[PDB]
Q: 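Supplied in C-alpha cells, the structure appears directly below.
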Amino acid sequence: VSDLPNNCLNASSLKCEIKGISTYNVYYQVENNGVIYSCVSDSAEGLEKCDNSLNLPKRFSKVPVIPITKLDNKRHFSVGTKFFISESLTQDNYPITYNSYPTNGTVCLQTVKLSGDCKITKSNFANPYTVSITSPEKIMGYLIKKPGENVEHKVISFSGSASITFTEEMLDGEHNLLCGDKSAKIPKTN
Amino acid sequence: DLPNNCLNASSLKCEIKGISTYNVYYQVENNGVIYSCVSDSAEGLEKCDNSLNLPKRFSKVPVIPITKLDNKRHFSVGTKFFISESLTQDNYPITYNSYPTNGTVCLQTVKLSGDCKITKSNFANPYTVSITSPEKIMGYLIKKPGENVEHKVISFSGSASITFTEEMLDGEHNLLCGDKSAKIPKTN
Ligand SMILES: *[C@@H]1O[C@H](CO)[C@@H](O[C@@H]2O[C@H](CO)[C@@H](O)[C@H](O)[C@H]2NC(C)=O)[C@H](O)[C@H]1NC(C)=O
Ligand SMILES: *[C@@H]1O[C@H](CO)[C@@H](O[C@@H]2O[C@H](CO)[C@@H](O)[C@H](O)[C@H]2NC(C)=O)[C@H](O)[C@H]1NC(C)=O
Ligand SMILES: *[C@@H]1O[C@H](CO)[C@@H](O)[C@H](O)[C@H]1NC(C)=O
Ligand SMILES: *[C@@H]1O[C@H](CO)[C@@H](O)[C@H](O)[C@H]1NC(C)=O
C-alpha cells in the first residue's frame, strides 16, 4: 500500500491551499511534514476548509473535454477551461497527482472544447426543431451556443440519450449545437 | 506590431526559449521590449541564441495533446508548444504561427490526430498495408509502447503504402496513424 498519491486525498486532515479553479477541475496543494504536494482533481469534496475555497463550485461537470489548439475556433467551440499536466519548460518537472494518478510535470490551464462520440439526428416524433443526441460513452456533454457567448457553465451532461427542442432565440442563424466533438448549425425558424 | 517583430527574427536580437518536436518557442527584442513567439517554421532563426538543435524543418502532421496520462507510452509522438492561460491571471501577448494572442506558453506530450483508415490491401508482400486519409496531410508512425521514437513520424497525403520491416512483426508494435491505432501481428 505505497501511499504517495494519497496525500492529495486526505485534505480534510491537512493544511491546504487552492491555487486555481477551472470550469471542470480544481488546482490545489497540501502540506504535510513540511513537504508540499501539488494536486489536481475533478472532485470538490472535502476542500471546504482550504484557503481560496470561496468560489469552489458545488460539483464539477464530468463531460469529456480536450484543449482547443486552433485558436481561431476558440469563439465557436469554447466551453470553459480545465487544468492539465504538462512538461516543464525549464526541466523542473515536479511530482504532482492528477485525478489520483501520480505523475511528474507542471500545471497547464487551457480553454477546452467538448469531445467524444455523439450522434445527432432529427426526430420524427415532434418537429424539425427537436433533435435527438445519443452517445455510447458514460457521460457526454452538449451545449447550445452562439459564437462568442459565455454560456460556459451551461454544459448539459447526459448518459446514453437525450432529446432537445430548440427555443425560438436559438432558431436564428447563429446558434450551434455542440455535442462531443460535433458541431451542427441550428436552422433559422423562417 | 503584434506579428511584425516576431516574423522578423533575422533582423533582430532573437533568443530560443525551447525546441519541441513539432515547433519552436523563442522571443525577440526590439527597441528595448521583448516579444514572445511560437512558430512551426525554423527559417530565419539560425541567428538566435540556443540554435544548435534547431531543425531544418518541423513536421506539420496534425497532433494534439495527450489528455489521458495513462495511454501516454502508447500514443506519444513527441512534444509541442501550445498557447494556454496564465495560472496567476497574468496573460502576456504571444504570437502563435503569426496568429497574435494573449496567454502563456505550454509544452505538452503530444499524439497523432485526424482521420486515417487502416485498410490492409491485398499485395504480394505479407508485410505491406495501405493507409488512407482525406486530410491535406496526415501522419503515421510504427512504435512499440515506450519506444523513444520521435522524428520518425512520416507525412503522407491521400494515401500511402507501408511496407513493414521484420522487427515490427513481434506482436508489440502498433501502427499509429491519425487518431487510429492498430496492432502489428505476430507472423511466422
Ligand atoms: C517522477 O520522477 C521521480 C524522480 O524525480 C521518479 O522516482 C524515482 O526517483 C529516484 C530518485 O530517488 C530516481 O533515481 C528514479 O529513477 C525514479 N524511479 C523510477 C522507477 O524511475 C518517479 O518514478 C517519476 N514518476 C512518478 C509517477 O513519480
Ligand atoms: C489582449 O491583447 C490585446 C491586443 O490588442 C491587448 O490590447 C492592448 O494590448 C497592448 C499591448 O499589446 C496594450 O498596450 C494595450 O493597453 C491593450 N489594451 C487595449 C484596449 O488596446 C489586451 O490588453 C490584452 N488583454 C485583454 C484582457 O484583452
Ligand atoms: C484520508 O482521509 C480521508 C478523509 O478526509 C478518507 O476519505 C481516506 O480514506 C483517508 N485515507 C487514509 C489512507 O487514511
Ligand atoms: C523582416 O526582415 C526584412 C529583412 O529585409 C526587413 O526588411 C523587414 O523589417 C521585415 N520584412 C517583412 C516582410 O516582414
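The sequence lines fix the lettering, A, B, ..., with proteins before strands; numbering per chain opens at 1. Both counts, for ligands and for their atoms, begin at 1 and track the order of listing. Quick note: numbers below take in every heavy atom, side chains included, and nothing from hydrogens, waters or symmetry partners.
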Q: How far is atom 5 (O) of ligand 2 from its nearest protein heavy atom, and which residue and atom is that?
A: B:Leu2 CD1, 4.7 Å

Q: Checking B:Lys72 against A:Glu87 for the salt bridge (charged side-chain N to carboxylate O under 4.0 Å, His left out) test, could you report, in this order, the C-alpha distance in whole Å, the side-chain angles of both residues, the deciding distance, and whether it holds?
A: CA-CA 13 Å; B:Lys72 188 129 98 179; A:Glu87 313 301 309; 3.5 Å; yes

Q: Are the ring centres of B:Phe81 and B:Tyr25 closer than 6.0 Å?
A: yes

Q: Run the salt bridge (charged side-chain N to carboxylate O under 4.0 Å, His left out) test on A:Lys15 and A:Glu31 for me, step by step, so that the C-alpha distance in whole Å, both residues' side-chain angles and the decisive distance to 0.1 Å come before the verdict.
A: CA-CA 5 Å; A:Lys15 193 155 270 214; A:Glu31 174 164 33; over 6 Å; no

Q: Flag atom 2 (O) of ligand 1 as yes if some protein heavy-atom distance to it falls below 4.0 Å, otherwise no.
A: yes

Q: Below 4.5 Å, heavy atoms only, C-beta onward: do A:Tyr101 and A:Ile85 meet side chain to side chain?
A: no

Q: Should the heavy atoms of other residues, nucleotides or ligands under 6.0 Å from NZ of B:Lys183 be counted, would the total exceed 12?
A: yes

Q: Angle between ring planes, A:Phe158 versus A:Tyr142, binned at 30° and 60°: parallel, tilted or perpendicular?
A: tilted

Q: Is any side-chain heavy atom of B:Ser36 closer than 4.5 Å to one of B:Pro93?
A: no

Q: According to a 4.5 Å side-chain heavy-atom criterion applied to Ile, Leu, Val, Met, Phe, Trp and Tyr, with indirect links allowed, do A:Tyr28 and A:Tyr94 form part of one hydrophobic cluster?
A: no

Q: Going by the order shown, which atoms of ligand 1 are within less than 4.0 Å of some heavy atom of A:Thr103?
A: 27 (C)

Q: Give the residue and atom name of whichever protein heavy atom lies nearest to atom 27 (C) of ligand 1, and the separation in Å to one decimal.
A: A:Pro102 O, 3.5 Å

Q: Return yes when atom CZ of B:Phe123 has more than 12 non-hydrogen atoms of other residues, nucleotides or ligands closer than 6.0 Å, and no otherwise.
A: no

Q: Does atom 17 (C) of ligand 1 have any protein heavy atom closer than 4.0 Å?
A: no

Q: With a 4.0 Å cut-off, strictly under, does atom 24 (C) of ligand 2 pick up any protein heavy atom?
A: yes

Q: Does some non-hydrogen atom of the protein lie less than 4.0 angstrom from atom 20 (C) of ligand 1?
A: no

Q: Does ligand 1 have any atom sitting under 4.0 Å from a heavy atom of A:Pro95?
A: no

Q: So which protein residues pack against ligand 3 under 4.0 Å, heavy atoms counted?
A: A:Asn10, A:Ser12

Q: Ignoring angles and geometry beyond distance, decide whether A:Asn104 reaches within less than 3.5 Å of ligand 1 through its nitrogen or oxygen atoms.
A: yes

Q: Please check if a non-hydrogen protein atom sits closer than 4.0 Å to atom 12 (O) of ligand 1.
A: no

Q: Could you tell me whether B:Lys80 and B:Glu150 make a salt bridge, using a distance below 4.0 angstrom between a side-chain N and a carboxylate O?
A: no

Q: Give a yes or no on whether A:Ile96 and A:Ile18 share a hydrophobic cluster (residues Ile, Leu, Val, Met, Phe, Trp, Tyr; joining criterion: side-chain heavy atoms under 4.5 Å apart).
A: no

